Amino acid sequence: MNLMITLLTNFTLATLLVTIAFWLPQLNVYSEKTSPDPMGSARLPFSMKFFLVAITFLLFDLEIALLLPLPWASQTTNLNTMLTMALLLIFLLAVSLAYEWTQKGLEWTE
Amino acid sequence: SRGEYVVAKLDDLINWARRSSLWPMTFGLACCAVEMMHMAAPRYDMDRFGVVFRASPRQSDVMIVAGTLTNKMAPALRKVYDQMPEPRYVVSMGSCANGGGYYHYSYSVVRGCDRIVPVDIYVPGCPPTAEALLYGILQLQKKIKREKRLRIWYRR
Amino acid sequence: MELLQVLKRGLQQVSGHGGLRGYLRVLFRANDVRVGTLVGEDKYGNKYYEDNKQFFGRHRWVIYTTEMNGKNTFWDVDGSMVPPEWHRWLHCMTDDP
Amino acid sequence: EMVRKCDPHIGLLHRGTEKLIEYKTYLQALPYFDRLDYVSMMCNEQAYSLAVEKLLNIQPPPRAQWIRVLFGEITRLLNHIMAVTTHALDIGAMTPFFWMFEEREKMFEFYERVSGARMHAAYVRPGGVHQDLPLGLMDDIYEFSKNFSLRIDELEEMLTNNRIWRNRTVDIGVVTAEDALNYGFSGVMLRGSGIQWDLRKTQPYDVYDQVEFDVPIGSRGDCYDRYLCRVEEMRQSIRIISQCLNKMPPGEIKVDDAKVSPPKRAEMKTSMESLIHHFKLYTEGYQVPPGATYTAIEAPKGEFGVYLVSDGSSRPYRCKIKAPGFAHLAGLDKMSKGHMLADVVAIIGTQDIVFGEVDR
Amino acid sequence: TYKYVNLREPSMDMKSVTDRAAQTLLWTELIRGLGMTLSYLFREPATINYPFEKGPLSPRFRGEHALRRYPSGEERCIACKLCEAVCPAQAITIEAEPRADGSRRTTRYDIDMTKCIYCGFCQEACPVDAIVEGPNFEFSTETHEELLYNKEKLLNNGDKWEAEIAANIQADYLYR
Amino acid sequence: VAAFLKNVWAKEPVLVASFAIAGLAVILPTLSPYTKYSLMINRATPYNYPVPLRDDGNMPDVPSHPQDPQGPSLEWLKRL
Amino acid sequence: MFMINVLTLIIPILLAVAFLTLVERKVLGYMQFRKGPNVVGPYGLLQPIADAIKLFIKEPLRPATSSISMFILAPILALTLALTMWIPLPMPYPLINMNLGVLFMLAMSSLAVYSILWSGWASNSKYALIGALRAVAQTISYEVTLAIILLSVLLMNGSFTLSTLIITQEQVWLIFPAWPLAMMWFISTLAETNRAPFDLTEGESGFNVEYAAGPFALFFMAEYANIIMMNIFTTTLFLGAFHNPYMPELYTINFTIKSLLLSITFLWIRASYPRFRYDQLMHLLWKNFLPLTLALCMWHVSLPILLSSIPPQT
Amino acid sequence: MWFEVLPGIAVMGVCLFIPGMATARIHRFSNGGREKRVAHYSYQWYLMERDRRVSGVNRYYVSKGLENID
Ligand SMILES: CCCCCCCCCCCCCCCCCC(=O)OC[C@H](COP(=O)([O-])OCC[N+](C)(C)C)OC(=O)CCCCCCCCCCCCCCCCC
Ligand SMILES: CCCCCCCCCCCCCCCCCC(=O)OC[C@H](COP(=O)(O)OCCN)OC(=O)CCCCCCCCCCCCCCCCC
Ligand SMILES: CCCCCCCCCCCCCCCCCC(=O)OC[C@H](COP(=O)(O)OCCN)OC(=O)CCCCCCCCCCCCCCCCC
Ligand SMILES: CCCCCCCCCCCCCCCCCC(=O)OC[C@H](COP(=O)(O)OCCN)OC(=O)CCCCCCCCCCCCCCCCC
Ligand SMILES: CCCCCCCCCCCCCCCCCC(=O)OC[C@H](COP(=O)(O)OCCN)OC(=O)CCCCCCCCCCCCCCCCC
Ligand SMILES: C=C(C)[C@H]1Cc2c(ccc3c2O[C@@H]2COc4cc(OC)c(OC)cc4[C@@H]2C3=O)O1
Ligand SMILES: C=C(C)[C@H]1Cc2c(ccc3c2O[C@@H]2COc4cc(OC)c(OC)cc4[C@@H]2C3=O)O1
Ligand code: SF4
Ligand code: SF4
Ligand code: SF4
């Protein structure tokens, strides 16, 4: 409840400052500008490597999501099984990284 | 009256903030850029006046035209000037920016950047010393200081 | 300790500008508060100081007058307010004021 | 990410310098050379002065030659400080720019004391130099040079063993030596590729055959070897300046042929021949005998040459200016293939390109 | 007479390999660089307090032009046009006539300070030390034509700065 | 076995440290004597209520009070 | 009374961000053998005020945008996320004391890439969009090691609670058992905030070159509102101070001094090195930080089990 | 010299000192001169609501000891 008050206050202060920033110099009548970039009008070429690093982020972020309950999982009574599955998950993250390595997926953004 | 005093204090405030936070574009053309760097160097140190170099003309306040403006470059210089947000200022630095200088009678040189952009401070020299460029920047600050924007706005 | 000498030099910089009023006066006009030997004063009120222990460039300075030729120069001090007889001395074109 | 093609468009500082030279006298044409490579002012003065003196069949006095070599090595310090620190500033290292431009400020004080201008001195003239050293100048050049080694050492502390600096320079801009010679490269651009060529050794001018210095040779031809070559050339320039300060002879500073170099102002106001010669040198200028020279020097960017053609008059008929950066920026297209866009700016930094000499 | 920068093979004993791997993993040269920057943090800076402190200059300095007079008030310039013949930028425009006492004096003496390259060939071509390039460098204007000096502005710069120009020429005429 | 190891320690010390720390993390809990006490402390931590037993008549190993000497103890944890 | 607590959080954040610009310019000045600002205020103290007023009265662009609405939403999201990162920070008591403050801060800092992406959308310049995509891939690359390092440390904390992390370091700093995690964490937070040697928004033109002085001053300050926060977070995470519950200002002075020294350490890093090439910091993450971070995550999984040092759940 | 950077660092340090000292004084003010009750877990919330009931004045922080029982 106080959390929603805080979030709403931060959004309100940000919207206040952004509106004042967009509209305090719009009181000025400075001049009207016509103003008739590295690329001129060429279409943005698709970069395959940027997409590959975004999907590699997404899959390793999912493996992170599996890793996230480990401080609570260390409190279990089945510690041998828990330690085995934790080492197996971090090892599978390392194997996904090794396959991403050796198949040249981490190249030109290495 | 009272509102005259209010707009006088507001003019003093906005002129103070504009002259004490000048941001030139890091943009040199010829030999004057070397001395403009010496005015950025530790001996003169423009940053202690609130004068910093910024790469883009979008976050810049003054264009120090420091070097020879040729015919091949003048539309690029005008485009740089047209991308600057107002209030934007121009400091012509050196004899070629001022009036062509040593290349005045050349087929390829714009005889003075004031054919291309409006110029606020003309700094003379070939090159002017870095101390002389800092003199021109402080004269620009004093020119911004005596601007009367809100007084003229209140009287119009 | 040699920090006590630093604080005592700061306090006698305060005491050397004629108190807190002169200290804050030179702090806001000059943005520097170090004291020197008064080399002279021209007919306008520009005061010229030495400190030969400061490094070359800091060792001679002017405090500009607050009023020259009718213009208030309390804040709007100007580099061309130096008369030509002191312009050699301040720009180190000579050793002699 | 790869650079397939790099097409530099120049002419943005093309000012028609060498058409303006054809309509001015030799003395009037001298200050154009300050403004070509405007971090190498007295070196270009020295190149044009050697060209004119070779066409005039006269020689400067020995003291003027030692002053030319002294201030040319001060100029080499200026140019390599500009080169190294702006090459680091583009890659991102912004701090030794500020650390080394104070030493560069002191060397501009040396130019201002010797000539009255901090950059464009117009000091080295055909026939000697314009004016003798002021008393006490060489002591201050000594006090600068004695401490400048620590400044190079802390620059080299901030860059040479740095892994971020090495990762931006070591695999970058490799030139084979045969392609460096075939693309008209000169200076560090050759000597980074292992080529043992320096014009101060091989084709020596004024008193460089009498000073003792080493020539740093690269091994891999990359940006990093050219960086180390420029650092060690600053070291060897300090060595040459120490030798020039120890071996400065007495004597005159202009050639005593008063039909070339102007007489003293005391004797211009006393002698009839000196006033006539002062008049005619500062209005018409000396006639240069007809002929064409190509005189090159080892300027701190490479071979700076003048192909100067006199038709007999007191004005140059033709003055072609060979600059090193012209051929270096021509070779930029080959040097950047297979590299990335953040590597081309490092290549543009390690070819010390000043567009005043590129465009004239 | 030549030397090889970067022709060192690193040693391959376990001491040096462990030194290089500790440099790699423990960032020794990066702490060296941070230490050099921290060493400059505690230095007195090189910054002078302009305009209250001024950059050092010599009496040879080439700044603002001025026309000098004799120690009788008569102006030194005798209209010989050597300064405008030698002028590399053609910045000097001179017209003359005999004035009312028959003296050879100028009617026009213009220096365009926006063409001028501040090289001082005019002051060293001058046979009577009339045109000089003085000590002033702080003469920036707000208008282009305020730098288009005529004879009145140049004689006023002479009258303004003569107390300093005479001392600079006193300190530097024996080198000329 | 030491030429390849010195070679990879000269070329890729990041990966040598990585595989070494990973190998230690795998094999070392099977060699540590304290791995038993982790299990013992995580079962000695009473998250729930110790629900009492109905005294049937013959449970000598169950105490009648918390301060009785029979039952599980934690002196191994107070000493360690 | 709670609104007074929110305001005394968020207004001194913006003031500290304002004077961080002065501290940056001064400390970079003296490291570069020069001075920073000393004219505008006494010792430069009015320089951020004059600079903020100067920016707020410049003309904005209002360009032809692909989206006007996302051109508005990028500074608002930037400032809102930059202010909400501070609310679970225990100094020594937080504004919002939540059980999962660490995971909260991780999630909200993962949300900060939309400001970069929408600022690249809103400019019609396709090269600004390319630079925005490179910035986003940089930030999402280093979020991976942020998450795994933070997980490895919270295996020694016992919970996701940020106030428990003060109890965790009552005997020793957590930089002593976790300095390789601490140094990869510090460099990764340096790479999160687009901070040198990882900045690719000044040279090869960034994502926020379209913004001029209306929103830009907000973006920038939101960006520095992250930076202090990250250092404060690092101060909570590896340099936990002494907390006396009867004198909380001992903790507040101690963590404030450590966070100031760590932000100055950011300033002292950016004044000492050149930048990375873009694929060089991708090489730094994916090939140098990520194998070590996985190895040390295995080590900090198995290590409390093999030493019988599993931390408390509560 | 280098001590010129210390006024800005001291101002920024006061700006970082204000939120922590502020929330400490506010939590002592709003909670009867003591720390705010931390209720991360439902047992803590149950005890805190039981304190709010047994105080009789609808405040969890008003503590009742042996004087409340006979
Ligand atoms: C939080 C408080 C502060 C923390 C410390 C940080 C402050 C100091 C910062 C200095 C400036 C840094 C600026 C950014 C620099 C970025 C570049 C960089 O450093 O890249 C990292 C470099 C990257 O390598 P590189 O770039 O140097 O080399 C190129 C890469 N190869 C070699 C592959 C071609 O190193 C690392 O990744 C190391 C990360 C930390 C390693 C921790 C090792 C732990 C040791 C375990 C034991 C090892 C012994 C053997 C086994 C024993 C078993 C018992
Ligand atoms: C009814 C009456 C009131 C009407 C409404 C007005 C309200 C108050 C507005 C602010 C004050 C107005 C006056 C502004 C300054 C006027 C005086 C002035 O210009 O003094 C000059 C002097 C600097 O002189 P200078 O020439 O720069 O020195 C060169 C160095 N030798 O300057 C100085 O020495 C310092 C000048 C400081 C200016 C004030 C401080 C900044 C403004 C603070 C309030 C607004 C911003 C609040 C915070 C925003 C977020 C950071
Ligand atoms: C069993 C233990 C647990 C193992 C699983 C957990 C691992 C944790 C770390 C995860 C790492 C994920 C990615 C690993 C990829 C490995 C393959 C690889 O990198 O091969 C290529 C490399 C040559 O490099 P290159 O292809 O050129 O890449 C650009 C850099 N130059 O070639 C190499 O770098 C050679 C790599 C092989 C040799 C490494 C030997 C390390 C020995 C350390 C001591 C012993 C440790 C005990 C375990 C044995 C490990 C071999
Ligand atoms: C373009 C759209 C606008 C974009 C700009 C604005 C949005 C972005 C910036 C704001 C982001 C808001 C994030 C709000 C939720 C954060 C997660 C959260 O609440 O975690 C904290 C805490 C969990 O900890 P715990 O201790 O278990 O809870 C108390 C129980 N003893 O949980 C609690 O304490 C629970 C408290 C009650 C429930 C809180 C619910 C908050 C409101 C819902 C989200 C509102 C924002 C929606 C948009 C998000 C971004 C798209
Ligand atoms: C958590 C901590 C946060 C701290 C933030 C603030 C840090 C800096 C604090 C202030 C430092 C000193 C500032 C002094 C400014 C210059 C004062 C001055 O003398 O200005 C002179 C100017 C013109 O004077 P004039 O009368 O024209 O002179 C002719 C004389 N014959 O006259 C004027 O310009 C008019 C007077 C202007 C005074 C402005 C003072 C500074 C205002 C800053 C706003 C914030 C203040 C602090 C807020 C928190 C505390 C309440
Ligand atoms: C960033 C700071 C503090 C300095 C460095 C700097 C400037 C201002 C402008 C420029 C600059 O450096 C870059 C790179 O180096 C040269 C070198 C040049 O000539 C040697 C040159 O001539 C036009 C231009 C430039 C750039 C330029 O415009 O201030
Ligand atoms: C938030 C407030 C109060 C003001 C102050 C301020 C802004 C907005 C933007 C900036 C800023 O302060 C500094 C100004 O100077 C440089 C100079 C820099 O380099 C020379 C540099 O490099 C990253 C960064 C900067 C800051 C910058 O961008 O709003
Ligand atoms: S005015 Fe002169 S010194 Fe300046 S850039 Fe032009 S040619 Fe070079
Ligand atoms: S200094 Fe040179 S360019 Fe200027 S007027 Fe004199 S001769 Fe002409
Ligand atoms: S100033 Fe000197 S050189 Fe020029 S016309 Fe006059 S007398 Fe002759």
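Only heavy atoms go into these numbers, but all of them, side chains included; no hydrogens, no water, no symmetry mates. Both ligands and their constituent atoms are indexed starting at 1 by order of listing. Below, read A as the first sequence line, B as the second, and so on, with proteins coming before strands; counting in each chain starts at 1.
Residue B/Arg54 has at least one N or O atom closer than 3.5 Å to an N or O atom of ligand 7.
The shortest contact between atom 19 (O) of ligand 7 and any protein heavy atom is with B/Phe53 O, 4.5 Å. Protein heavy atom nearest atom 35 (C) of ligand 4, with residue, atom name and distance: A/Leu3 CD2, 4.1 Å. At the top of the distance list for atom 3 (C) of ligand 7, counting protein heavy atoms only, stands G/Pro48 O, 3.4 Å. Shortest contact from atom 5 (C) of ligand 7 to any protein heavy atom: G/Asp51 OD2, 3.3 Å.
One of the N, O or S atoms belonging to E/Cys122 lies under 2.8 Å away from atom 6 (Fe) of ligand 9.
Heavy-atom contacts from other residues, nucleotides or ligands closer than 6.0 Å to OH of D/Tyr23 number 12 or fewer.
Contact annotation: for A/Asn10 versus ligand 4, there are no heavy atoms closer than 4.0 Å. Residue contacts with ligand 4 for G/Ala107 are absent, since no atom lies close enough (heavy atoms, distance under 4.0 Å).
Every atom of ligand 7 is numbered from 1 in the order shown, and the set under 4.0 Å from a heavy atom of G/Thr21 is 5 (C), 12 (O).
Side-chain contact of E/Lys151 with E/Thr106: a donor-acceptor pair under 3.5 Å is present, judged by distance alone. At a cut-off of 3.5 Å, with distance as the only test, no side-chain donor of E/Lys81 or E/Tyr109 sits close to an acceptor on the other residue. Residues D/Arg125 and D/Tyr26 bring no donor and acceptor atom of their side chains to less than 3.5 Å of each other.
Closer than 4.0 Å to atom 26 (C) of ligand 7 lies at least one heavy atom of the protein.
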